[PDB]
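K.L.:
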Amino acid sequence: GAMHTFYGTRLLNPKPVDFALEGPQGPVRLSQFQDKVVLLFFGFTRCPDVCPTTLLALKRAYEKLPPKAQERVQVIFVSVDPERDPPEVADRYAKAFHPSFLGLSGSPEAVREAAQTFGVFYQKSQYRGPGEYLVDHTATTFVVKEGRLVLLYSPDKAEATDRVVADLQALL
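Following this line, the structure appears as structure tokens:
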């Protein structure tokens with residue numbers, strides 16, 4: 118790197134992290150990826166806008182990287198609404214932005230421990246009937262390397278493509 122300028126909430130002491138989830142093929146952990154500069158993103162596929170928008174910014178950053186950086190960079194989408202977002206829809210939706218992405222959804226307990234690990238708080242509000250509620254979540258991306266969190270991102274941070282490039286490039 119060189120004189121990189123950050124736009125994420127950069128950590129000084131990096132906190133260690135691991136979780137368990139399901140995907141459209143088998144069970145998954147963050148310990149499958151602890152070598153990597155992993156982007157962990159908490160959304161619903163059928164969001165308002167933010168999920169497809171951020172996934173386009175995240176892939177526009179990956180499209181900026183040399184072949185030898187990207188061997189270290191991968192993206193995981195974790196669902197926030199497993200009563201509507203099955204692991205198959207989460208995965209195909211991430212793939213439709215970029216094929217080096219994976220979607221994880223499953224048991225609400227497994228979805229819980231991933232959220233608990235990062236400090237994501239999630240609810241559902243105005244619940245009235247079988248198709249009738251909204252889901253509340255922490256809309257955040259989490260940057261992990263060596264099995265530990267090194268950086269936090271809001272979407273209003275991460276949608277700066279070339280800032281996601283430069284902050285990831287401080288972490289190569």
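Just so we're aligned, residue 118 is where the sequence shown starts under this note's numbering, counting upward by one.
By construction, the Cβ of each residue, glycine as well, lies at the ideal position given by its N, Cα and C atoms.
Quick check: the Cα distance between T122 and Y244, rounded to an integer number of angstroms?
P.N.:
Along the sequence shown, read from residue 1 onward, the residue named residue 122 stands at position 5. Along the sequence shown, read from residue 1 onward, the residue named residue 244 stands at position 127. Distance between the alpha carbons of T122 and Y244: 43 Å.
K.L.:
With DSSP as the reference, label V197 as helix, strand or coil.
P.N.:
Residue 197 sits at position 80 when you count from the first residue of the sequence shown. In the structure shown, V197 sits in coil (DSSP, three-state: anything other than H, G, I, E or B).
K.L.:
How would you label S217, buried or exposed, when you count the other beta carbons within 10 angstroms and need 16 or more for buried?
P.N.:
Translated into the one-based positions of the sequence shown, residue 217 becomes position 100. With fewer than 16 other Cβ atoms within 10 Å, it is exposed.
K.L.:
Just the C-alpha distance for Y124 and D279, rounded to the nearest angstrom, thanks.
P.N.:
To locate residue 124, count along the sequence shown from 1; it is residue 7. To locate residue 279, count along the sequence shown from 1; it is residue 162. Whole-angstrom Cα-Cα distance: 10 Å.
K.L.:
Quick check on the DSSP output: the beta strand (DSSP E) that includes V260 runs from which residue to which?
P.N.:
Within the sequence shown, residue 260 is the residue found at index 143, counting from 1. From DSSP, the beta strand (DSSP E) with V260 extends over 258-262.
K.L.:
Once the 5 residues before and after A287 are set aside, which same chain residues still bring their CB inside 8 Å of it?
P.N.:
Translated into the one-based positions of the sequence shown, residue 287 becomes position 170. Cβ within range, chain order: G118, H121, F123.
K.L.:
For the alpha helix (DSSP H) that contains residue 103, what are its first and last residues?
P.N.:
What the structure shows of the chain is the stretch from 118 to 289, and residue 103 is not part of that stretch, so it cannot be assessed.
K.L.:
Are the segment 133-140 and the segment 253-268 touching, with three or more C-beta to C-beta distances below 8 Å?
P.N.:
Because the criterion of three Cβ pairs below 8 Å is met, the segment 133-140 and the segment 253-268 touch.
K.L.:
Between the C-alpha atoms of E188 and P203, what's the straight-line distance to the nearest angstrom?
P.N.:
Mapped onto the sequence shown, residue 188 falls at position 71. Mapped onto the sequence shown, residue 203 falls at position 86. Distance between the alpha carbons of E188 and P203: 28 Å.
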